Every structure is written in structure tokens, then in C-alpha cells.
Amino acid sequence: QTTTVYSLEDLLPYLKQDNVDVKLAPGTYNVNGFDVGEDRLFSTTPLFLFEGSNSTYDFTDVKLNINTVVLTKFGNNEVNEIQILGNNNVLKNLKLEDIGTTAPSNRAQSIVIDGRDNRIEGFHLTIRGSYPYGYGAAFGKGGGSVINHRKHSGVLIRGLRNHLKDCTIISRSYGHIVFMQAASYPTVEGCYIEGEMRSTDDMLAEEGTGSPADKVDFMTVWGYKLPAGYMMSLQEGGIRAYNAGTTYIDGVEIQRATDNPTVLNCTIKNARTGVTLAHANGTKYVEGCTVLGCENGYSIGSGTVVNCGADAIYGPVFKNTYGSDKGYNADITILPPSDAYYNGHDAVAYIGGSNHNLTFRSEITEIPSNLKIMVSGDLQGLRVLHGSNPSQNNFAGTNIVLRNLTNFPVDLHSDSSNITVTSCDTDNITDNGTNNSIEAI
């Protein structure tokens, strides 16, 4: 009852059919510029468009090499390698790798999941080829860019009840690694997501080379010259949810926010953020995750972060997105450093909004001198200096339970009130707020 096919060419017809069970035989399959054309295997993008429903696709031991030149072969159009439009499909075990570093002519996404109740599991994805590569988003990720971009992102989860499970996503590309737009009940489970980092000092060292950053005098979209002393990801987010987007289910076009995301047992390394879901609606749940060397650990806005860990080497493990944040319940272990500290944000956590219940745990005994838990105040975060992104900084914190089971000191700013702090030691806690209560445990 399984059909086995032995070429990309014989695979492509099944993608238009419902209720099929298909296996692409073990092997290595290359897609090159010569394969894209009128006459040719791939006449249109997306390359692999899964239009059927109730189908299973087994790619065990399949290595699919897609030459990045393919991202230029469709004019000025977005190129998608794989898109699922149908429902109730299961794709498993494919190893997909972009070959070379050619940028898209416009933009690209490796995998887009529309429809409902689809699952991608056991994939291994390597994303390459984008422009500019080497500055992350410092010179723009959307309109009004200082340096025009031609982005290439990994997995875009949309649709309803779509699931990415046990996947390895390695990004060497300027774009999101795993992101959700218009997704309702998306689940990301057992995933390993990895980007790579570069110091702003190394970028600034391009002064006088004629580099694209050197040509705009390192002026960022945040309104100031790129500051020294930060470690950035070259990618946009590890797992990031958006409040906008369009998806398609059953031939209906749907424009909505992401809602009800669940992230379980993921490891995110060297990304801008491990898990950011503050812009999703409904119930946000994060459990069993490990965030290593990201610019930011967990920002879910409201909801539940439980049994999660992050290290602090490049940025805070925890950040309330806005003063509007309420009901963020979190239990976060500050993990031993995965590498030397290079955290220019001067904070292990930034807390405000109201009615949160936050527990931080750590075995760390050597505390860098610039790192503290902040309740309110002026965060020295790369993106929020000098009034940039003003709603994401300098905001009040009220009625918050803060269990500091760590040796990190705590700084309660004058805008904080009714913070109930319990701590290993209470002599590293600076209280400049109102009606805050400090108690040793």
C-alpha cells in the first residue's frame, strides 16, 4: 500500500493527490539551476507544493540538495522550496540542504505549512543564501531598511494545529529560523534550532572597508550608530510568533494573528531569541526548553514557561515585552555559560507589567559584575537604546512575585511597586521602588 518512487520527477505527481502513501527511495537528489524552467522539472515555485490531503510522505535516508542559484531562477518572486496546502499530511525524515550562499532575487522560505493538522517530523534542514548576511536585522528587516534585504527564512508555520516535531534546523541565513504567522494552535516539539553569532565590534571593524555597513556609517534602523559590546545573531528569531499574516485552509484565505502556540522540549542556540510569543493571542505554553547563547531567552508576554533553561552569556534569559504584559508565570533556570560572557545588555532579566509569578533558579556562583535581575528601569538592550522601541523599555512593574533562587543581584527601580521578592541572599537587592517586600528564604 506504499508507493515507492525513485526520482524527483516521479514524486511530483503524487503531491497533487489525496490519500496516498509515498516513499522517495533512499538516495541523494540534486536540484540545480538547470532543473528550473519551462521545459524543466520545476516549472513553478513552490518547488514541492503538497496540495493533497490525508497523505504520508517518507523521506528516510533522502538527502535533497537544492542549489541556492534556484532562488534566482524565478524572477523577482518569493521562492518556497516546500509548501503544504492540504490537510492531515505527514512528511517525515527528509534531509534538506541549501547548497552555496547565493541570495534570493527577492526572498525565500524553505518550508511553509498552511492547511490544517499537518505534521513535519524528523526533518534536517540547512538554510543558506541571503542578503545582507553578517549584520542580523541591524540595518532593517522590513520596510524603511538602511540596507535593502533579500531574506531567506526556514520554517513558516501557518494554518491550524500544524506540528513541527523532532526537527533539526540549522540556519546560516539572514531570516527567521522557525516562525509562526496566522497560525492557530501551532506546536513546535523536540526541535534543535541553531544560528550563529557575530559581535557588533567585529561588524564595526569594517570601518573604511567599503562594506555595505561601512557605506551607511553603521547607522542602524534603531536610530543610532551600531553600538560596540554586543553579540548578535545573524538570524532574525529562533522561534518567533507574529500577530499578522495570511494562511489558507480548505480554499479559504485567512488573515489573523498567531494564537494558542505550544513549544515543548526544544533547544535553540545562537539565535536572536529562543522563544518569543508575546505577539501571539490565546494560551501560550512553553515547557522543557533549553536556550543557549541567544540574545534573549524567553519573551512569551503572558502564559506559562515551565521547566525551561537559558544561559546569560549574550543577553537576558527573560524579558517582559511591554508594560501591558500580565500573567506571565515562569520558572527559568539560568544555565552555566555555554561560552564566555559577552552580554552588553547589562541584565540577566528585565521585568515589568503586572501580576506575574517568576522563579529563577541557578547553580552559578561566579556572577559577572554587570548582570542583575531588573524590575523596571532603563534596560541597556541593543534595540531599545536612546528611545528606540520606547514601549519595550522603561516601564512600570506592579504586583509581581519574584523568587530569586540564584546569586544574581536584583535591582528594583523607582517605577516598581508591590514586588514580593524572596531570595537566597537579600543584601544584593537594591530597593528603590514602593511597597516592595524583601525576605530571605
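All residue numbers are counted from 1 along the displayed sequence.
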Mean Cα B factor from the PDB record: higher for 422-430, or higher for 14-22? 422-430
Of the two stretches 365-373 and 158-166, which shows the higher Cα B-factor on average in the entry? 365-373
Say you rank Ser153, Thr126, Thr247, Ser299 by Cα B-factor from the PDB entry; which sits at the top? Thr247
Per the deposited entry, the peak Cα B-factor within the set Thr290, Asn355, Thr200, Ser338 goes to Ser338
Ranked by Cα temperature factor within the chain, is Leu379 in the lowest third, the middle third or the highest third? lowest
Using the B-factor values recorded in the entry, state whether the Cα atom of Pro316 falls in the lowest, middle or highest third among the modelled residues of its chain. lowest
Mind checking which third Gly223 falls in for C-alpha B-factor across the chain? middle
For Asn329, the third of its chain by CA B-factor is the middle
Binned into thirds over the chain's modelled residues, the C-alpha B-factor of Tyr133 lands in the middle
